[PDB]
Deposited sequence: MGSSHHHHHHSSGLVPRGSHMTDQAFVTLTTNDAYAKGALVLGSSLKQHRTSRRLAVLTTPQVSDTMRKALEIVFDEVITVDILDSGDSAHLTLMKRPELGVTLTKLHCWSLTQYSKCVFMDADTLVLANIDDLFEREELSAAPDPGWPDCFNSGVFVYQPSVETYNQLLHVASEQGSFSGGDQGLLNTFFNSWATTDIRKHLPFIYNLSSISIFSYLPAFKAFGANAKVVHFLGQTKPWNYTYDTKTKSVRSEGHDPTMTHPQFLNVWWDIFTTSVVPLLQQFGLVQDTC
């Protein structure tokens, strides 16, 4: 649909790499949706221009600017920079529904069916499964929800010191209400649960639709051998394949 989007976020050039890989993965699996990326001014012109090619829309967010609605809350809780920036995904009222995906996710199959879901649909978090992981979620842009999230951020902050605590606190019926708001874990498959919980992977992890690179060493903190097509494991190598294949050439293209 025209007014639906995957939305991601990048606050720096490291994460812009992820966002570019994510965007590409989404294009590769023939999404019929828009691709939007929240970006900060800290993202350089080269990453930016590549984001402009990969994404239908590049939105600038500067919570460091006092014009930003999140800025006073950033002052109150300065650890919440990334969180308050991320929450701007709710400002995107040019879209009726979006799938937010962190820039450290990777799409391995079309996940457009996520748009059948209602706010707030998200996959369970490993570790504390009565929380949803905020790495992938379905939400409806709204200035009201935005303001309410912003307000909760101000009042409580996040029990996680990040967006996950904040989102779970506001969307707190997730655990106990409407199983359709549980996204299958395969739509936000923790790369940790692929290596750590290895019995459950073998049986279901070949079904993965989205890899969420958690931790730790993010995909781009790895060394990739372009000859062997392998890092210094399966999923890191898909990410790097996309990076090497689609993203680097788009990045090297901006220097002329």
Ranges missing from the model, given as deposited sequence positions: 1 to 20, 253 to 262, 287 to 291
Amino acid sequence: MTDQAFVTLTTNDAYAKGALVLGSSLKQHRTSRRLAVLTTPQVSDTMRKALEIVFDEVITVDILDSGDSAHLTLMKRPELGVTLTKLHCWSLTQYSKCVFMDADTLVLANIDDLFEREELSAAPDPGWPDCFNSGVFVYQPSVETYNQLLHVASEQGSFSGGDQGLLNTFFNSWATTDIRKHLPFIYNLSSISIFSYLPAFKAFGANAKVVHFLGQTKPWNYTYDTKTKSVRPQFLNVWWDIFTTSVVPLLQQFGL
From here on, numbers count along this sequence of modelled residues.
Could you check which stretch, 154 to 162 or 181 to 189, carries the larger mean CA temperature factor in the entry? 154 to 162
Compare the mean C-alpha B-factor of 99 to 107 with that of 69 to 77 as given in the PDB entry, and name the stretch with the higher value. 69 to 77
